[PDB]
Amino acid sequence: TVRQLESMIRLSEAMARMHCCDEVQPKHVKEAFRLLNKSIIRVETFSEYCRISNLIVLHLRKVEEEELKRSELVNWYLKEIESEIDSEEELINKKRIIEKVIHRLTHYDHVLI
Amino acid sequence: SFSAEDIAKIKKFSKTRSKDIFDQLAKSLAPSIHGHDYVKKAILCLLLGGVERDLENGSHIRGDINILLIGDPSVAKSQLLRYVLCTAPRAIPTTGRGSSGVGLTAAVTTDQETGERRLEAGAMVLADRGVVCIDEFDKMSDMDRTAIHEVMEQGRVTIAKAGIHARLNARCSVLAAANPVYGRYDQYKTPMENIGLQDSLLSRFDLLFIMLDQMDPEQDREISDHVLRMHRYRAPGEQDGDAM
Amino acid sequence: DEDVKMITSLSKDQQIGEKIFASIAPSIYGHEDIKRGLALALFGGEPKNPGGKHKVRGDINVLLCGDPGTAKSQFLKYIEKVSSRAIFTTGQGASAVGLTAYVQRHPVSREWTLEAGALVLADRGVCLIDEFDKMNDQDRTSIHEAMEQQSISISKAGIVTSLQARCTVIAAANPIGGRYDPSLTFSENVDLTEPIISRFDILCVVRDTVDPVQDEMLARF
Amino acid sequence: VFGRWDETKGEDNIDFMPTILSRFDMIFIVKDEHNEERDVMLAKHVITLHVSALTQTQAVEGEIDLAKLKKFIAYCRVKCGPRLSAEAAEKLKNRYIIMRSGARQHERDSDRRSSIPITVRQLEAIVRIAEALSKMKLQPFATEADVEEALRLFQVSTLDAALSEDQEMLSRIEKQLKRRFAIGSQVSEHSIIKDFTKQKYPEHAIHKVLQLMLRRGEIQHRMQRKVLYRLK
DNA sequence: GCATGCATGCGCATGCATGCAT
DNA sequence: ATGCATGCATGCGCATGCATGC
Ligand SMILES: Nc1ncnc2c1ncn2[C@@H]1O[C@H](COP(=O)(O)OP(=O)(O)OP(=O)(O)O)[C@@H](O)[C@H]1O
Ligand SMILES: Nc1ncnc2c1ncn2[C@@H]1O[C@H](COP(=O)(O)OP(=O)(O)O)[C@@H](O)[C@H]1O
Ligand SMILES: [Mg+2]
Ligand SMILES: [Mg+2]
């Protein structure tokens with residue numbers, strides 16, 4: 001939040017006081033920014049599943065709002081990926097993965113009906 | 001809160017009726033309440049009471065009786081409790097959450113004036129050789145029941161706080177009124193589920209009565225007749241339409 | 001005397017309302033709707049009472065609910081500064097002015113006094129409440145009776161009194177989970193009860209969506 | 001309990017136990033009866049009241065002033081108090097017996113314990129209402145008309161609250177719709193309307209059931225408002 | 001299973017009133 | 001004759017025990 005901005009300003013002032021300089025220069029701001037970033041720790045649980053789910057939700061909601069079935073969705077996703085997959089083995093593996101993910105989303109997560 | 005020549009009346013009535021004395025006394029207990037002959041007989045037995053016995057070894061045998069009434073709403077239990085309160089000489093009403101264990105049982109307070117510790121009597125201590133009526137008995141907490149257990153067993157209260165210890169007499173009798181856990185008495189379920197009380201508490205009670213509001217047309221007709229006859233009544237010597 | 005003429009001349013301006021709306025909270029960036037609602041609350045309305053049977057109040061109570069870091073307290077501080085009779089209090093505790101009336105010997109003057117709540121002291125004024133969801137049972141009951149009946153009844157230490165509490169209430173609050181969820185209703189996102197929410201005329205919802213341009217402008221300010 | 005009344009659910013909308021409910025003499029239930037023509041009347045009435053509050057404060061048609069009404073009520077309460085008569089007592093006896101028998105029959109047929117029982121307390125409440133009606137006229141004895149009015153009021157309030165054919169018919173429609181619908185299937189509103197009109201049920205009941213299901217969240221709109229689908 | 005709300009004893013100092021020993 | 005120690009509330013600060021609510 002903005003409290004982080006105030007903390008950054010305070011840390012820059014503290015660093016300037018430490019170095020006895022009369023003005024705040026970008027080095028102190030960079031140090032404060034680095035320290036604040038190192039303070040934050042990411043949560044460990046998966047990202048690929050979230051990205052695929054978000055893409056599916058975005059596509060389905062765009063289709064619904066602008067104006068398909070499960071097979072149509074899978075075909076559209078494969079068509080979009082076409083430029084990214086070079087071999088048939090990877091294509092079929094990704095197809096199985098997305099089919100399982102869609103089944104989980106429809107049945108387990110209840111996100112899609 | 002006695003006459004002189006009513007002794008002759010008492011002697012004549014006794015020597016005449018003999019066996020019918022108990023039946024007539026039970027029947028005329030409360031005209032305002034219709035039915036419930038066994039409950040009236042039990043209340044009369046409470047009014048009369050048993051005999052306390054003391055033996056050579058100092059053992060004590062209780063002589064008081066305890067009765068618990070359970071039933072559907074609007075079966076005139078609170079009315080009976082109020083009538084007992086009015087008629088009994090030393091009658092004390094104590095509802096479920098109205099008084100706690102410290103109020104029912106005497107306590108110790110340190111006097112600031114002299115620095116000593118004194119005893120303040122509780123509700124049951126005051127009602128020696130009397131009657132204590134407890135409406136909404138089911139709402140009472142477990143600890144209060146445990147405290148009441150000693151009085152119901154031997155009619156004595158033991159108190160001890162460092163520097164003072166005493167035993168007070170609590171030879172009293174208890175009326176209790178409670179509602180079923182389900183609000184209305186379920187006919188199909190066993191009485192154990194409906195009452196929902198531990199075996200020790202029921203055992204320490206002497207009599208258990210179950211009252212039901214059976215919607216029989218003849219009983220309803222008789223009850224309505226009695227209720228409206230009582231409601232239409234006006235005291236003699238009072239002008240009709242007078243306020244109060 | 002000349003002030004009245006100046007006010008009348010200002011009222012003749014075609015954009016007086018926009019000027020008044022923009023004047024509130026100069027140090028707070030954005031939130032035009034909040035400022036407009038606060039202006040409407042400050043100007044107020046007119047109570048009505050046909051005979052002595054049906055009373056209708058004219059005060060406009062305002063409730064703001066928002067995520068942390070949205071400067072909810074600054075609006076309350078500015079309103080306290082502007083208002084001639086404004087009483088500020090917090091539901092967290094250790095407030096300078098209490099929210100419940102009581103009779104006590106004052107620690108300073110050592111005299112037997114009856115101190116009323118902030119609602120009574122704010123009669124014909126403004127009452128600002130911060131941390132509206134941290135209140136206890138007594139404060140909630142007092143606020144409910146002051147908002148419904150517009151009066152406070154006291155029965156303590158042999159004293160039985162009824163006091164008027166005609167005031168306008170402005171409150172600030174945060175969501176239950178620390179972040180507003182659009183998928184749920186406003187009632188489900190606040191610890192308050194429906195009858196309390198129903199009293200407020202204006203409800204404002206503040207969110208912290210990441211807009212790079214707005215964030216850059218706020219940082220510059 | 002749920003914040004707004006659910007007509008089809010009937011009971012379980014009251015959290016109070018039957019014990020505390022037996023003490024109350026009368027229980028009234030108010031619902032938001034949504035009529036297009038009614039809302040306009042309410043809005044116009046409110047606006048007219050707001051406008052006329054500033055100018056005039058006068059009785060509409062012979063209405064008593066607040067102070068006069070207060071003094072009159074106090075005088076009536078202080079002065080006299082009436083009691084019932086024999087014929088009214090017999091009529092009330094017959095009506096109470098019939099009502100209790102009907103309540104027992106309804107409880108047996110519905111196979112569910114009513115949350116609003118009928119006991120001697122209700123009879124005493126009716127007696128009290130009749131006595132109040134007689135007291136209102138300063139008469140020393142009540143008449144049959146007062147008893148009839150008290151019985152009408154007690155019926156309209158208590159029997160309507162407790163018995164809460166329209167609602168049973170709505171329950172029938174709800175059961176039929178639950179049996180016909182399936183999870184994940186789509187149904188057109190016209191199909192439902194045609195199916196239930198061929199069964200000769202009123203359209204308003206169907207619309208009310210659909211609105212209640214929408215409130216609960218079982219029914220959702222797929223394509224605009226023409227086709228519905230079932231959720232849980 | 002524990003922290004907290006609500007009495008209650010403990011120890012103390014402080015203020016207001018009065019009653020008379022040096 | 002006069003100034004002071006004491007009896008009687010009352011605030012202050014504290015610890016301790018009983019009940020309950022999550
Ligand atoms: N629009 C804004 N313009 C200027 N400063 C802002 C703005 N929004 C937030 N701030 C700053 O954010 C800081 C956060 O403190 P502030 O008291 O305003 O927070 P708050 O919204 O009341 O938070 P809390 O939810 O913790 O009570 C303040 O120093 C304030 O100046
Ligand atoms: N058998 C009966 N005869 C006469 N009156 C009755 C009878 N049963 C109930 N009533 C009336 O109904 C009321 C019941 O109230 P109450 O005694 O408080 O019920 P409960 O004690 O079961 O809660 C009483 O005022 C009483 O006048
Ligand atoms: Mg009773
Ligand atoms: Mg704040």
# chains A, B, ... in the order shown; residues from 1 in each chain; ligands from 1
$ closest_atom_pairs --of "chain B" --to "ligand 2" --cutoff "6 Å" --atoms "only C-alpha atoms and all ligand atoms" --output "Markdown table"
| residue | atom | partner | partner_atom_place_in_ligand_line | distance |
| --- | --- | --- | --- | --- |
| B:33 | CA | ligand 2 | 3 (N) | 4.3 |
| B:34 | CA | ligand 2 | 3 (N) | 4.1 |
| B:35 | CA | ligand 2 | 1 (N) | 5.9 |
| B:73 | CA | ligand 2 | 22 (O) | 4.0 |
| B:74 | CA | ligand 2 | 19 (O) | 3.4 |
| B:75 | CA | ligand 2 | 22 (O) | 4.1 |
| B:76 | CA | ligand 2 | 17 (O) | 3.4 |
| B:77 | CA | ligand 2 | 21 (O) | 3.6 |
| B:78 | CA | ligand 2 | 21 (O) | 3.7 |
| B:79 | CA | ligand 2 | 17 (O) | 4.6 |
| B:223 | CA | ligand 2 | 3 (N) | 5.7 |
| B:227 | CA | ligand 2 | 4 (C) | 5.3 |
$ write_last_selection --atoms "C-alpha atoms" --output "PDB file, in the first residue's frame"
ATOM      1  CA  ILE B  33     -57.748 -25.520  39.161  1.00  0.00           C
ATOM      2  CA  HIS B  34     -59.663 -28.378  37.532  1.00  0.00           C
ATOM      3  CA  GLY B  35     -58.456 -31.971  37.659  1.00  0.00           C
ATOM      4  CA  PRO B  73     -47.330 -25.594  28.658  1.00  0.00           C
ATOM      5  CA  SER B  74     -50.600 -24.287  30.124  1.00  0.00           C
ATOM      6  CA  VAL B  75     -51.365 -27.179  32.486  1.00  0.00           C
ATOM      7  CA  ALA B  76     -51.539 -24.945  35.601  1.00  0.00           C
ATOM      8  CA  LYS B  77     -48.173 -25.737  37.200  1.00  0.00           C
ATOM      9  CA  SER B  78     -47.184 -22.149  38.001  1.00  0.00           C
ATOM     10  CA  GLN B  79     -50.674 -21.623  39.428  1.00  0.00           C
ATOM     11  CA  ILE B 223     -62.169 -27.195  31.059  1.00  0.00           C
ATOM     12  CA  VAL B 227     -62.648 -21.509  33.053  1.00  0.00           C
TER      13      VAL B 227
END
$ residues_near_ligand --ligand "ligand 3" --cutoff "12 Å" --atoms "only C-alpha atoms (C1' of nucleotides) and all ligand atoms" --output "ChimeraX atom specification"
/B:69-82,95,133-137,176-179 /D:19-20,22-23,121
$ write_last_selection --atoms "N, CA and C atoms" --output "mmCIF file, in the first residue's frame"
data_model
loop_
_atom_site.group_PDB
_atom_site.id
_atom_site.type_symbol
_atom_site.label_atom_id
_atom_site.label_comp_id
_atom_site.auth_asym_id
_atom_site.auth_seq_id
_atom_site.Cartn_x
_atom_site.Cartn_y
_atom_site.Cartn_z
ATOM 1 N N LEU B 69 -42.570 -31.765 38.680
ATOM 2 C CA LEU B 69 -43.649 -31.808 37.702
ATOM 3 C C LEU B 69 -43.103 -31.431 36.332
ATOM 4 N N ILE B 70 -43.391 -32.259 35.329
ATOM 5 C CA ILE B 70 -42.977 -32.013 33.953
ATOM 6 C C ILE B 70 -44.195 -32.187 33.057
ATOM 7 N N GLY B 71 -44.363 -31.285 32.097
ATOM 8 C CA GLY B 71 -45.501 -31.407 31.207
ATOM 9 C C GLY B 71 -45.528 -30.312 30.165
ATOM 10 N N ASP B 72 -46.594 -30.340 29.369
ATOM 11 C CA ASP B 72 -46.800 -29.359 28.320
ATOM 12 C C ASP B 72 -47.117 -27.993 28.925
ATOM 13 N N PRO B 73 -46.952 -26.918 28.152
ATOM 14 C CA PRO B 73 -47.330 -25.594 28.658
ATOM 15 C C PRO B 73 -48.831 -25.487 28.883
ATOM 16 N N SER B 74 -49.202 -24.598 29.810
ATOM 17 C CA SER B 74 -50.600 -24.287 30.124
ATOM 18 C C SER B 74 -51.333 -25.502 30.700
ATOM 19 N N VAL B 75 -50.734 -26.112 31.720
ATOM 20 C CA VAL B 75 -51.365 -27.179 32.486
ATOM 21 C C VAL B 75 -51.440 -26.799 33.970
ATOM 22 N N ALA B 76 -51.367 -25.497 34.257
ATOM 23 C CA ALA B 76 -51.539 -24.945 35.601
ATOM 24 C C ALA B 76 -50.506 -25.475 36.593
ATOM 25 N N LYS B 77 -49.221 -25.397 36.243
ATOM 26 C CA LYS B 77 -48.173 -25.737 37.200
ATOM 27 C C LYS B 77 -47.752 -24.510 38.001
ATOM 28 N N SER B 78 -47.541 -23.385 37.314
ATOM 29 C CA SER B 78 -47.184 -22.149 38.001
ATOM 30 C C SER B 78 -48.303 -21.693 38.928
ATOM 31 N N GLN B 79 -49.557 -21.950 38.548
ATOM 32 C CA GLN B 79 -50.674 -21.623 39.428
ATOM 33 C C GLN B 79 -50.615 -22.437 40.715
ATOM 34 N N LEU B 80 -50.302 -23.731 40.607
ATOM 35 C CA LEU B 80 -50.145 -24.555 41.803
ATOM 36 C C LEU B 80 -48.984 -24.065 42.659
ATOM 37 N N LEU B 81 -47.870 -23.694 42.025
ATOM 38 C CA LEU B 81 -46.728 -23.184 42.779
ATOM 39 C C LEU B 81 -47.091 -21.904 43.524
ATOM 40 N N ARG B 82 -47.809 -20.996 42.858
ATOM 41 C CA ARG B 82 -48.232 -19.760 43.509
ATOM 42 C C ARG B 82 -49.207 -20.031 44.647
ATOM 43 N N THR B 95 -36.556 -18.745 41.124
ATOM 44 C CA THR B 95 -36.539 -19.219 39.749
ATOM 45 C C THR B 95 -35.153 -19.747 39.379
ATOM 46 N N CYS B 133 -40.005 -23.033 46.168
ATOM 47 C CA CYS B 133 -40.571 -23.285 44.849
ATOM 48 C C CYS B 133 -39.608 -22.787 43.780
ATOM 49 N N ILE B 134 -39.318 -23.643 42.804
ATOM 50 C CA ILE B 134 -38.352 -23.354 41.751
ATOM 51 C C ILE B 134 -39.062 -23.539 40.417
ATOM 52 N N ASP B 135 -39.446 -22.432 39.789
ATOM 53 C CA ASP B 135 -39.989 -22.462 38.441
ATOM 54 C C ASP B 135 -38.851 -22.405 37.430
ATOM 55 N N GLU B 136 -39.099 -22.971 36.247
ATOM 56 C CA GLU B 136 -38.081 -23.090 35.201
ATOM 57 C C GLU B 136 -36.844 -23.816 35.726
ATOM 58 N N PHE B 137 -37.062 -24.998 36.309
ATOM 59 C CA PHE B 137 -35.971 -25.739 36.935
ATOM 60 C C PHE B 137 -34.942 -26.207 35.913
ATOM 61 N N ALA B 176 -40.478 -28.226 42.299
ATOM 62 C CA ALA B 176 -39.759 -27.874 41.085
ATOM 63 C C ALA B 176 -40.674 -28.022 39.880
ATOM 64 N N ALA B 177 -40.606 -27.049 38.974
ATOM 65 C CA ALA B 177 -41.356 -27.077 37.727
ATOM 66 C C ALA B 177 -40.386 -26.883 36.572
ATOM 67 N N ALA B 178 -40.433 -27.790 35.600
ATOM 68 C CA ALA B 178 -39.518 -27.750 34.469
ATOM 69 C C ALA B 178 -40.262 -28.109 33.193
ATOM 70 N N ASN B 179 -39.732 -27.645 32.060
ATOM 71 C CA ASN B 179 -40.274 -27.890 30.734
ATOM 72 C C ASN B 179 -39.456 -28.954 30.008
ATOM 73 N N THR D 19 -43.063 -22.387 23.490
ATOM 74 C CA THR D 19 -43.392 -21.969 24.850
ATOM 75 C C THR D 19 -43.607 -20.462 24.926
ATOM 76 N N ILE D 20 -42.657 -19.685 24.402
ATOM 77 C CA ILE D 20 -42.795 -18.232 24.433
ATOM 78 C C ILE D 20 -43.890 -17.776 23.475
ATOM 79 N N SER D 22 -46.702 -19.297 22.999
ATOM 80 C CA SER D 22 -48.006 -19.533 23.611
ATOM 81 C C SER D 22 -48.459 -18.348 24.455
ATOM 82 N N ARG D 23 -47.516 -17.564 24.985
ATOM 83 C CA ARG D 23 -47.869 -16.432 25.834
ATOM 84 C C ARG D 23 -48.553 -15.312 25.061
ATOM 85 N N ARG D 121 -54.914 -20.585 27.067
ATOM 86 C CA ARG D 121 -54.440 -19.206 27.044
ATOM 87 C C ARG D 121 -55.058 -18.423 25.895
#
$ interface_residues --of "chain D" --to "chain A" --cutoff "10 Å" --atoms "only C-alpha atoms" --output "CSV table (one decimal) with N, CA, C and O atoms, in the first residue's frame"
chain,number,residue,atom,x,y,z
D,184,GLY,N,-28.2,-29.6,-14.6
D,184,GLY,CA,-27.5,-29.3,-15.8
D,184,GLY,C,-28.4,-29.2,-17.1
D,184,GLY,O,-27.9,-29.0,-18.2
D,222,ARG,N,-29.5,-18.4,-18.7
D,222,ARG,CA,-28.4,-18.7,-19.5
D,222,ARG,C,-28.3,-17.8,-20.7
D,222,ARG,O,-27.3,-17.1,-20.9
D,223,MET,N,-29.4,-17.7,-21.5
D,223,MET,CA,-29.4,-16.8,-22.7
D,223,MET,C,-30.5,-15.8,-22.5
D,223,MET,O,-31.7,-16.1,-22.7
D,231,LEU,N,-29.3,-24.9,-10.9
D,231,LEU,CA,-28.0,-24.9,-10.1
D,231,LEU,C,-28.4,-25.3,-8.7
D,231,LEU,O,-29.6,-25.6,-8.4
$ residues_near_ligand --ligand "ligand 4" --cutoff "8 Å" --atoms "only C-alpha atoms (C1' of nucleotides) and all ligand atoms" --output "ChimeraX atom specification"
/C:68,71-74,130-131
$ residues_near_ligand --ligand "ligand 1" --cutoff "7 Å" --atoms "only C-alpha atoms (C1' of nucleotides) and all ligand atoms" --output "PyMOL selection string"
(chain A and resi 2-3) or (chain C and resi 27-30+67-74+174+218+221)
$ closest_residue --among "D:128, D:98, D:84, D:143" --to "residue 233 (chain B)" --atoms "only C-alpha atoms"
D:84
$ interface_residues --of "chain E" --to "chain B" --cutoff "12 Å" --atoms "only C-alpha atoms (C1' of nucleotides)" --output "PyMOL selection string"
chain E and resi 7-10
$ write_last_selection --atoms "N, CA, C and O atoms (P, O5', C5', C4', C3', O3' and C1' of nucleotides)" --output "PDB file, in the first residue's frame"
ATOM      1  P    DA E   7     -20.795  -7.764  38.769  1.00  0.00           P
ATOM      2  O5'  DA E   7     -19.531  -7.595  39.733  1.00  0.00           O
ATOM      3  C5'  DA E   7     -19.717  -7.404  41.124  1.00  0.00           C
ATOM      4  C4'  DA E   7     -19.552  -8.716  41.870  1.00  0.00           C
ATOM      5  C3'  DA E   7     -19.124  -8.572  43.321  1.00  0.00           C
ATOM      6  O3'  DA E   7     -19.669  -9.621  44.109  1.00  0.00           O
ATOM      7  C1'  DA E   7     -17.391  -9.624  42.072  1.00  0.00           C
ATOM      8  P    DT E   8     -19.901  -9.401  45.684  1.00  0.00           P
ATOM      9  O5'  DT E   8     -18.438  -9.550  46.314  1.00  0.00           O
ATOM     10  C5'  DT E   8     -17.742 -10.785  46.207  1.00  0.00           C
ATOM     11  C4'  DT E   8     -16.356 -10.685  46.821  1.00  0.00           C
ATOM     12  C3'  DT E   8     -16.194  -9.607  47.903  1.00  0.00           C
ATOM     13  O3'  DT E   8     -15.547 -10.166  49.040  1.00  0.00           O
ATOM     14  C1'  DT E   8     -14.477  -9.429  46.306  1.00  0.00           C
ATOM     15  P    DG E   9     -15.528  -9.388  50.448  1.00  0.00           P
ATOM     16  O5'  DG E   9     -14.032  -9.602  50.968  1.00  0.00           O
ATOM     17  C5'  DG E   9     -13.483 -10.913  51.015  1.00  0.00           C
ATOM     18  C4'  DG E   9     -11.973 -10.879  50.848  1.00  0.00           C
ATOM     19  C3'  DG E   9     -11.230 -10.006  51.858  1.00  0.00           C
ATOM     20  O3'  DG E   9     -10.082 -10.693  52.336  1.00  0.00           O
ATOM     21  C1'  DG E   9     -10.683  -9.331  49.651  1.00  0.00           C
ATOM     22  P    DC E  10      -9.217 -10.081  53.543  1.00  0.00           P
ATOM     23  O5'  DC E  10      -8.134  -9.167  52.805  1.00  0.00           O
ATOM     24  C5'  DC E  10      -7.397  -9.692  51.708  1.00  0.00           C
ATOM     25  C4'  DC E  10      -6.154  -8.862  51.453  1.00  0.00           C
ATOM     26  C3'  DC E  10      -5.758  -7.934  52.595  1.00  0.00           C
ATOM     27  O3'  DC E  10      -4.351  -7.930  52.733  1.00  0.00           O
ATOM     28  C1'  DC E  10      -6.110  -6.666  50.631  1.00  0.00           C
TER      29       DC E  10
END
$ residues_around --residues "residue 191 (chain C)" --least-positions-apart "4" --cutoff "9 Å" --atoms "only C-alpha atoms (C1' of nucleotides)" --output "list in words"
residues 133, 175, 176 and 187 of chain C
$ write_last_selection --atoms "C-alpha atoms" --output "mmCIF file, in the first residue's frame"
data_model
loop_
_atom_site.group_PDB
_atom_site.id
_atom_site.type_symbol
_atom_site.label_atom_id
_atom_site.label_comp_id
_atom_site.auth_asym_id
_atom_site.auth_seq_id
_atom_site.Cartn_x
_atom_site.Cartn_y
_atom_site.Cartn_z
ATOM 1 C CA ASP C 133 -16.613 -2.751 13.488
ATOM 2 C CA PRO C 175 -14.291 -5.467 5.433
ATOM 3 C CA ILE C 176 -14.374 -8.686 7.438
ATOM 4 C CA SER C 187 -24.058 -7.039 4.260
#
$ residues_around --residues "residue 193 (chain D)" --least-positions-apart "3" --cutoff "8 Å" --atoms "only C-alpha atoms (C1' of nucleotides)" --output "number ranges by chain"
D: 189-190, 196-197, 203, 206
$ write_last_selection --atoms "N, CA, C and O atoms" --output "CSV table (one decimal), in the first residue's frame"
chain,number,residue,atom,x,y,z
D,189,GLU,N,-38.9,-21.0,-20.4
D,189,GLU,CA,-40.0,-20.5,-19.5
D,189,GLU,C,-41.3,-20.8,-20.1
D,189,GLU,O,-42.3,-21.1,-19.4
D,190,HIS,N,-41.4,-20.7,-21.5
D,190,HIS,CA,-42.7,-20.9,-22.2
D,190,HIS,C,-43.1,-22.4,-22.0
D,190,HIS,O,-44.3,-22.7,-21.8
D,196,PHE,N,-47.8,-26.1,-17.0
D,196,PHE,CA,-48.6,-25.9,-15.8
D,196,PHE,C,-49.9,-25.3,-16.1
D,196,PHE,O,-50.8,-25.4,-15.3
D,197,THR,N,-50.1,-24.6,-17.3
D,197,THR,CA,-51.4,-24.1,-17.7
D,197,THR,C,-52.3,-25.3,-18.2
D,197,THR,O,-53.5,-25.3,-18.1
D,203,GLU,N,-51.1,-18.8,-13.2
D,203,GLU,CA,-49.8,-18.3,-13.7
D,203,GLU,C,-49.0,-17.6,-12.6
D,203,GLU,O,-47.8,-17.6,-12.5
D,206,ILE,N,-47.0,-19.8,-10.4
D,206,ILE,CA,-45.8,-20.3,-11.1
D,206,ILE,C,-44.7,-19.2,-11.1
D,206,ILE,O,-43.6,-19.5,-10.8
$ select_by_dssp --residues "region 68-220 of chain C" --states "helix (DSSP H, G or I)" --output "ChimeraX atom specification"
/C:72-82,118-121,132-134,137-148,187-189,194-199,212-220
$ write_last_selection --atoms "C-alpha atoms" --output "PDB file, in the first residue's frame"
ATOM      1  CA  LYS C  72     -10.754   6.992   5.322  1.00  0.00           C
ATOM      2  CA  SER C  73      -9.574   8.776   8.480  1.00  0.00           C
ATOM      3  CA  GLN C  74      -8.474  11.904   6.598  1.00  0.00           C
ATOM      4  CA  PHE C  75     -12.063  12.607   5.532  1.00  0.00           C
ATOM      5  CA  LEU C  76     -13.232  12.325   9.147  1.00  0.00           C
ATOM      6  CA  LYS C  77     -10.444  14.633  10.334  1.00  0.00           C
ATOM      7  CA  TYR C  78     -11.300  17.211   7.663  1.00  0.00           C
ATOM      8  CA  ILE C  79     -15.000  17.036   8.571  1.00  0.00           C
ATOM      9  CA  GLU C  80     -14.117  17.517  12.244  1.00  0.00           C
ATOM     10  CA  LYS C  81     -12.026  20.560  11.318  1.00  0.00           C
ATOM     11  CA  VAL C  82     -14.750  22.099   9.140  1.00  0.00           C
ATOM     12  CA  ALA C 118     -20.723  11.645  22.327  1.00  0.00           C
ATOM     13  CA  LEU C 119     -24.180  11.370  20.746  1.00  0.00           C
ATOM     14  CA  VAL C 120     -25.735  13.749  23.286  1.00  0.00           C
ATOM     15  CA  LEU C 121     -22.797  16.175  23.174  1.00  0.00           C
ATOM     16  CA  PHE C 132     -16.960   1.056  13.410  1.00  0.00           C
ATOM     17  CA  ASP C 133     -16.613  -2.751  13.488  1.00  0.00           C
ATOM     18  CA  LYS C 134     -14.564  -2.929  16.717  1.00  0.00           C
ATOM     19  CA  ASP C 137     -22.440  -4.522  22.772  1.00  0.00           C
ATOM     20  CA  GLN C 138     -23.095  -1.361  24.803  1.00  0.00           C
ATOM     21  CA  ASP C 139     -21.894   0.985  22.055  1.00  0.00           C
ATOM     22  CA  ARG C 140     -23.915  -0.892  19.430  1.00  0.00           C
ATOM     23  CA  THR C 141     -27.096  -0.695  21.519  1.00  0.00           C
ATOM     24  CA  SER C 142     -26.547   3.002  22.254  1.00  0.00           C
ATOM     25  CA  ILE C 143     -25.971   3.799  18.570  1.00  0.00           C
ATOM     26  CA  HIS C 144     -29.024   1.758  17.564  1.00  0.00           C
ATOM     27  CA  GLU C 145     -31.293   3.611  19.988  1.00  0.00           C
ATOM     28  CA  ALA C 146     -29.766   6.987  19.090  1.00  0.00           C
ATOM     29  CA  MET C 147     -30.342   6.340  15.377  1.00  0.00           C
ATOM     30  CA  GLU C 148     -33.854   4.891  15.669  1.00  0.00           C
ATOM     31  CA  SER C 187     -24.058  -7.039   4.260  1.00  0.00           C
ATOM     32  CA  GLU C 188     -21.988 -10.238   4.077  1.00  0.00           C
ATOM     33  CA  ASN C 189     -18.735  -8.242   3.843  1.00  0.00           C
ATOM     34  CA  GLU C 194     -28.756  -5.425   8.740  1.00  0.00           C
ATOM     35  CA  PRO C 195     -30.832  -3.123  11.034  1.00  0.00           C
ATOM     36  CA  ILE C 196     -27.753  -0.985  11.736  1.00  0.00           C
ATOM     37  CA  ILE C 197     -26.894  -0.728   8.031  1.00  0.00           C
ATOM     38  CA  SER C 198     -30.502   0.145   7.170  1.00  0.00           C
ATOM     39  CA  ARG C 199     -30.238   3.368   9.191  1.00  0.00           C
ATOM     40  CA  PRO C 212      -0.905   2.422 -12.806  1.00  0.00           C
ATOM     41  CA  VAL C 213      -1.835   5.993 -13.782  1.00  0.00           C
ATOM     42  CA  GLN C 214      -3.844   6.648 -10.614  1.00  0.00           C
ATOM     43  CA  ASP C 215      -1.075   5.115  -8.497  1.00  0.00           C
ATOM     44  CA  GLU C 216       1.550   7.264 -10.235  1.00  0.00           C
ATOM     45  CA  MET C 217      -0.484  10.436  -9.681  1.00  0.00           C
ATOM     46  CA  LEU C 218      -1.086   9.540  -6.026  1.00  0.00           C
ATOM     47  CA  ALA C 219       2.628   8.874  -5.511  1.00  0.00           C
ATOM     48  CA  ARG C 220       3.486  12.211  -7.129  1.00  0.00           C
TER      49      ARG C 220
END
$ residues_around --residues "residue 149 (chain B)" --least-positions-apart "5" --cutoff "12 Å" --atoms "only C-alpha atoms (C1' of nucleotides)" --output "list in words"
residues 66, 101, 104, 105, 124, 142, 143, 144, 154, 155, 156, 157, 170, 174, 200, 201, 202, 203, 204 and 205 of chain B
$ residues_around --residues "residue 5 (chain E)" --least-positions-apart "5" --cutoff "12 Å" --atoms "only C-alpha atoms (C1' of nucleotides)" --output "JSON, numbers by chain"
{"F": [18, 19, 20, 21]}
$ residues_around --residues "region 17-30 of chain B" --least-positions-apart "2" --cutoff "12 Å" --atoms "only C-alpha atoms (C1' of nucleotides)" --output "ChimeraX atom specification"
/B:10-15,32-48,76,79-84,86-87
$ interface_residues --of "chain F" --to "chain C" --cutoff "12 Å" --atoms "only C-alpha atoms (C1' of nucleotides)" --output "number ranges by chain"
F: 10-12
$ select_by_dssp --residues "region 118-186 of chain B" --states "strand (DSSP E)" --output "list in words"
residues 118, 119, 120, 131, 132, 133, 134, 156, 157, 158, 159, 160, 161, 164, 165, 166, 167, 168, 169, 173, 174, 175, 176, 177 and 178 of chain B
